[PDB]
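Colleague: Next up, structure.csv (CSV, C-alpha atoms (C1' of nucleotides)).
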chain,number,residue,atom,x,y,z
A,317,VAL,CA,148.0,-103.9,-24.8
A,318,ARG,CA,147.7,-107.0,-22.6
A,319,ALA,CA,147.7,-110.7,-23.5
A,320,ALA,CA,144.8,-112.6,-21.9
A,321,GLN,CA,145.5,-116.1,-23.2
A,322,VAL,CA,148.6,-117.6,-25.0
A,323,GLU,CA,148.6,-120.8,-27.0
A,324,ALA,CA,151.8,-122.3,-28.2
A,325,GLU,CA,152.4,-124.8,-31.1
A,326,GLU,CA,155.9,-126.1,-31.8
A,327,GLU,CA,157.3,-126.6,-35.3
A,328,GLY,CA,160.9,-127.4,-36.0
A,329,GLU,CA,163.2,-125.3,-33.7
A,330,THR,CA,160.6,-122.6,-33.5
A,331,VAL,CA,157.4,-121.9,-31.5
A,332,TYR,CA,154.3,-120.3,-32.9
A,333,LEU,CA,152.2,-118.3,-30.5
A,334,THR,CA,148.5,-117.7,-31.1
A,335,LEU,CA,147.7,-114.8,-28.8
A,336,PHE,CA,144.4,-113.5,-27.6
A,337,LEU,CA,145.0,-109.7,-27.2
A,338,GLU,CA,142.9,-107.0,-25.6
A,339,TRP,CA,143.6,-103.3,-25.8
A,340,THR,CA,142.1,-99.8,-26.1
A,341,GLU,CA,142.3,-97.4,-29.0
A,342,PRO,CA,141.6,-93.7,-28.3
A,343,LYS,CA,139.6,-91.3,-30.4
A,344,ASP,CA,139.3,-87.6,-29.8
A,345,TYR,CA,136.1,-85.6,-30.3
A,346,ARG,CA,136.1,-81.8,-30.4
A,347,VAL,CA,133.2,-80.3,-28.5
A,348,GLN,CA,131.9,-76.9,-29.8
A,349,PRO,CA,130.2,-74.4,-27.4
A,350,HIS,CA,126.7,-75.2,-28.7
A,351,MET,CA,127.2,-78.9,-27.9
A,352,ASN,CA,126.6,-80.6,-24.5
A,353,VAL,CA,128.1,-83.8,-23.1
A,354,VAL,CA,125.4,-86.3,-22.0
A,355,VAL,CA,127.9,-88.8,-20.6
A,356,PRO,CA,129.8,-88.8,-17.3
A,357,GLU,CA,133.5,-89.5,-16.6
A,358,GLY,CA,134.6,-93.1,-17.1
A,359,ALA,CA,131.2,-94.3,-18.3
A,360,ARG,CA,130.8,-97.3,-20.5
A,361,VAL,CA,129.2,-96.8,-23.9
A,362,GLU,CA,128.1,-99.2,-26.7
A,363,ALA,CA,127.5,-99.0,-30.5
A,364,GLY,CA,124.8,-96.4,-31.2
A,365,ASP,CA,125.0,-94.7,-27.7
A,366,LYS,CA,125.0,-90.9,-27.7
A,367,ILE,CA,128.1,-89.2,-26.2
A,368,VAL,CA,127.8,-85.5,-27.0
B,92,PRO,CA,129.1,-62.6,-12.9
B,93,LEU,CA,128.5,-62.4,-16.7
B,94,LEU,CA,127.8,-65.5,-18.7
B,95,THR,CA,130.2,-67.1,-21.2
B,96,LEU,CA,128.6,-68.3,-24.4
B,97,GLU,CA,128.8,-71.9,-23.2
B,98,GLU,CA,127.2,-71.0,-19.9
B,99,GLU,CA,124.4,-68.9,-21.5
B,100,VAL,CA,123.6,-71.7,-24.0
B,101,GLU,CA,123.6,-74.2,-21.2
B,102,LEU,CA,121.1,-72.3,-19.0
B,103,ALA,CA,118.9,-71.5,-22.0
B,104,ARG,CA,118.9,-75.2,-22.9
B,105,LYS,CA,118.0,-76.3,-19.3
B,106,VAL,CA,115.2,-73.8,-19.4
B,107,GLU,CA,113.7,-75.0,-22.7
B,108,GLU,CA,114.1,-78.7,-21.8
B,109,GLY,CA,112.6,-77.8,-18.4
B,110,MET,CA,109.5,-76.3,-20.0
B,111,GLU,CA,109.2,-79.5,-22.1
B,112,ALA,CA,109.5,-81.6,-19.0
B,113,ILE,CA,106.7,-79.6,-17.3
B,114,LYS,CA,104.6,-80.4,-20.4
B,115,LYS,CA,105.5,-84.1,-20.1
B,116,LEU,CA,104.6,-84.1,-16.4
B,117,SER,CA,101.3,-82.5,-17.4
B,118,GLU,CA,100.7,-85.4,-19.8
B,119,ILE,CA,101.6,-88.1,-17.3
B,120,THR,CA,100.0,-86.7,-14.1
B,121,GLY,CA,96.9,-85.5,-15.9
B,122,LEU,CA,97.5,-82.4,-13.9
B,123,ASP,CA,97.6,-78.7,-14.8
B,124,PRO,CA,100.9,-77.5,-16.4
B,125,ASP,CA,100.5,-74.2,-14.5
B,126,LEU,CA,100.0,-75.9,-11.1
B,127,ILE,CA,103.0,-78.2,-11.6
B,128,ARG,CA,105.1,-75.3,-12.8
B,129,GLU,CA,104.2,-73.2,-9.7
B,130,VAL,CA,104.9,-76.1,-7.4
B,131,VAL,CA,108.4,-76.8,-8.9
B,132,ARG,CA,109.1,-73.1,-8.8
B,133,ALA,CA,107.9,-73.0,-5.2
B,134,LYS,CA,110.3,-75.8,-4.2
B,135,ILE,CA,113.2,-74.2,-6.0
B,136,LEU,CA,112.6,-70.8,-4.4
B,137,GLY,CA,111.6,-72.3,-1.1
B,138,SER,CA,108.8,-71.6,1.4
B,139,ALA,CA,109.9,-68.0,1.6
B,140,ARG,CA,107.7,-67.1,-1.3
B,141,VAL,CA,104.3,-68.8,-1.4
B,142,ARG,CA,101.2,-67.0,-2.8
B,143,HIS,CA,98.0,-67.5,-4.7
B,144,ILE,CA,98.4,-67.2,-8.5
B,145,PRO,CA,95.6,-65.4,-10.5
B,146,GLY,CA,95.5,-68.1,-13.2
B,147,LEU,CA,95.4,-71.1,-10.8
B,148,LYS,CA,92.0,-72.5,-10.0
B,149,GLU,CA,93.4,-73.6,-6.6
B,150,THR,CA,94.8,-71.4,-3.9
B,151,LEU,CA,98.5,-72.2,-3.5
B,152,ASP,CA,99.5,-73.0,0.0
B,153,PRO,CA,102.2,-75.3,1.6
B,154,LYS,CA,99.6,-78.0,2.0
B,155,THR,CA,98.7,-78.1,-1.7
B,156,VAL,CA,102.3,-77.8,-2.9
B,157,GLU,CA,103.2,-80.6,-0.5
B,158,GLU,CA,100.4,-82.9,-1.8
B,159,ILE,CA,101.4,-82.1,-5.4
B,160,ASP,CA,105.1,-82.6,-4.6
B,161,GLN,CA,104.2,-86.0,-3.2
B,162,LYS,CA,102.0,-87.0,-6.1
B,163,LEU,CA,105.1,-86.1,-8.3
B,164,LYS,CA,107.5,-88.1,-6.2
B,165,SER,CA,105.1,-91.1,-6.3
B,166,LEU,CA,106.0,-91.5,-10.0
B,167,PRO,CA,108.2,-94.3,-11.5
B,168,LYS,CA,111.9,-93.6,-12.1
B,169,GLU,CA,111.6,-92.7,-15.8
B,170,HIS,CA,108.6,-90.5,-15.1
B,171,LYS,CA,110.3,-89.0,-12.0
B,172,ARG,CA,113.2,-87.9,-14.3
B,173,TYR,CA,111.2,-85.0,-15.8
B,174,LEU,CA,110.6,-83.7,-12.2
B,175,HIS,CA,114.4,-83.2,-11.8
B,176,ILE,CA,114.6,-81.8,-15.3
B,177,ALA,CA,111.9,-79.3,-14.4
B,178,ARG,CA,113.6,-78.3,-11.1
B,179,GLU,CA,117.0,-77.7,-12.7
B,180,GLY,CA,115.1,-75.8,-15.4
B,181,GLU,CA,113.6,-73.3,-12.9
B,182,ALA,CA,117.0,-72.9,-11.3
B,183,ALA,CA,118.6,-72.2,-14.7
B,184,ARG,CA,115.9,-69.6,-15.4
B,185,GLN,CA,116.6,-67.8,-12.2
B,186,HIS,CA,120.3,-67.7,-12.9
B,187,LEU,CA,119.8,-66.6,-16.5
B,188,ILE,CA,117.7,-63.6,-15.4
B,189,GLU,CA,120.0,-62.7,-12.5
B,190,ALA,CA,123.0,-62.8,-15.0
B,191,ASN,CA,121.3,-60.7,-17.7
B,192,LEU,CA,120.2,-58.0,-15.2
B,193,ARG,CA,122.9,-55.5,-16.4
B,194,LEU,CA,121.6,-55.3,-20.0
B,195,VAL,CA,118.4,-53.9,-18.6
B,196,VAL,CA,120.3,-51.0,-16.9
B,197,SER,CA,122.4,-50.3,-20.0
B,198,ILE,CA,119.2,-50.0,-22.1
B,199,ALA,CA,117.1,-48.2,-19.5
B,200,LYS,CA,119.6,-45.4,-18.9
B,201,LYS,CA,118.7,-44.0,-22.3
B,202,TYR,CA,115.0,-43.7,-21.5
C,1,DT,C1',109.7,-61.3,-32.1
C,2,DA,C1',116.2,-63.0,-33.1
C,3,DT,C1',123.4,-59.7,-35.9
C,4,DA,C1',125.2,-57.8,-30.9
C,5,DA,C1',124.5,-55.1,-27.5
C,6,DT,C1',125.5,-56.4,-20.1
C,7,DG,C1',127.4,-51.2,-13.6
C,8,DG,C1',123.9,-43.8,-13.4
C,9,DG,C1',124.5,-38.9,-13.7
C,10,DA,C1',124.6,-34.9,-11.7
C,11,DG,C1',125.8,-31.2,-7.7
C,12,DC,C1',123.3,-20.1,6.9
C,13,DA,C1',122.5,-19.7,12.1
C,14,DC,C1',122.2,-21.3,16.8
C,15,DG,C1',120.2,-24.5,20.5
C,16,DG,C1',119.3,-29.4,21.8
C,17,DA,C1',118.9,-34.1,22.0
C,18,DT,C1',121.6,-38.0,20.8
C,19,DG,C1',125.6,-41.0,19.6
C,20,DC,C1',130.1,-42.9,19.8
Kindly transcribe the structure held in the file into structure tokens.
Modeller:
Amino acid sequence: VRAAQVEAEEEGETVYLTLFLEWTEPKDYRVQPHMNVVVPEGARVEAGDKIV
Amino acid sequence: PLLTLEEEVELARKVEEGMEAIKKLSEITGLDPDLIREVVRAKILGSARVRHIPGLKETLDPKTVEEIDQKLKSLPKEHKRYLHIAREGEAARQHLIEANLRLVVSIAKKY
DNA sequence: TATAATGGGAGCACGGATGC
């Protein structure tokens, strides 16, 4: 995970960071022999787009 | 070499989708499914085998298959897609047959 | 017209042009 933007607000002796974070969460999909992959390596997909 | 289940299914799939793509090209081009099929097959196999087909209304020669190939390549991208599908379909057909050639021997030896 | 099946089967002789 990486922090794109960092906002800081001071209260008392402490600082409160509002962070804008961007990261990637993996999900595995098991492909059975009767299934074929319609997507290449490193391709970008959206909501609704067919993978296998 | 013999086909793994995955490989077999793949080739069969490419064949079916291929035939469908030939039908689609028949719809778009307004041409004959047979003529298109013969042209695609001719390009996959090469100029080595070119001959007149009994069902075709037109004699099949390098000239005609060239004109038809050019009328196919003159299609828009999304339409030209089905041409590629068809080509790879014919190739898959060839490999499927060539792979299943042993079954024929094992059956025929009993006759 | 669809379970899956995938590599065969059998069975003397001498003379002369060639071929490695």
Colleague: With all atoms listed in the file as the counted atoms, please give the residues lying no more than 8 Å from residue 352 of chain A, apart from itself and same-chain residues fewer than 5 positions off, as a list in words.
Modeller: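 In the requested format, the answer is residues 347 and 368 of chain A; 101 of chain B.
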Colleague: Got time to write the residues from that selection, C-alpha atoms, as a PDB file, keeping the file's coordinate frame?
Modeller:
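Result saved to result16.pdb:
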ATOM      1  CA  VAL A 347     133.200 -80.300 -28.500  1.00  0.00           C
ATOM      2  CA  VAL A 368     127.800 -85.500 -27.000  1.00  0.00           C
TER       3      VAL A 368
ATOM      4  CA  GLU B 101     123.600 -74.200 -21.200  1.00  0.00           C
TER       5      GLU B 101
END
Colleague: Give me the residues of chain C that have any atom at most 9 Å from an atom of chain B; for each, the nearest atom pair and the distance in Å, rounded to one decimal. Use all atoms listed in the file, sort by chain and number, and format it as a Markdown table.
Modeller:
| residue | atom | partner | partner_atom | distance |
| --- | --- | --- | --- | --- |
| C:5 | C1' | B:194 | CA | 8.0 |
| C:6 | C1' | B:194 | CA | 4.1 |
| C:7 | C1' | B:193 | CA | 6.8 |
| C:8 | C1' | B:200 | CA | 7.2 |
Colleague: Just give me the gap between atom CA of residue 113 of chain B and atom CA of residue 136 of chain B in Å, one decimal is fine.
Modeller: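 Between atom CA of residue 113 of chain B and atom CA of residue 136 of chain B the gap is 16.7 Å.
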Colleague: Can you tell me which residues surround residue 349 of chain A at a distance of at most 10 Å, considering all atoms listed in the file, apart from same-chain residues fewer than 2 positions away, and format the answer as a PDB file with C-alpha atoms, keeping the file's coordinate frame?
Modeller:
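The file below, selection-v5.pdb, is the result:
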ATOM      1  CA  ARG A 346     136.100 -81.800 -30.400  1.00  0.00           C
ATOM      2  CA  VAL A 347     133.200 -80.300 -28.500  1.00  0.00           C
ATOM      3  CA  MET A 351     127.200 -78.900 -27.900  1.00  0.00           C
ATOM      4  CA  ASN A 352     126.600 -80.600 -24.500  1.00  0.00           C
TER       5      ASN A 352
ATOM      6  CA  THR B  95     130.200 -67.100 -21.200  1.00  0.00           C
ATOM      7  CA  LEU B  96     128.600 -68.300 -24.400  1.00  0.00           C
ATOM      8  CA  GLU B  97     128.800 -71.900 -23.200  1.00  0.00           C
ATOM      9  CA  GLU B  98     127.200 -71.000 -19.900  1.00  0.00           C
ATOM     10  CA  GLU B  99     124.400 -68.900 -21.500  1.00  0.00           C
ATOM     11  CA  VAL B 100     123.600 -71.700 -24.000  1.00  0.00           C
ATOM     12  CA  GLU B 101     123.600 -74.200 -21.200  1.00  0.00           C
TER      13      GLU B 101
END
Colleague: Here is a test: counting all atoms listed in the file, which residue of B:148, B:167, B:92, B:103 is nearest to chain A?
Modeller: B:103
Colleague: Between atom CA of residue 345 of chain A and atom CA of residue 317 of chain A, what is the distance in Å, rounded to a tenth?
Modeller: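 Atom CA of residue 317 of chain A lies at a distance of 22.5 Å from atom CA of residue 345 of chain A.
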Colleague: Find, counting only C-alpha atoms, the residue in B:122, B:105, B:165, B:128 that gets nearest to chain A.
Modeller: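 Going through B:122, B:105, B:165, B:128 one by one, the smallest distance to chain A is for B:105.
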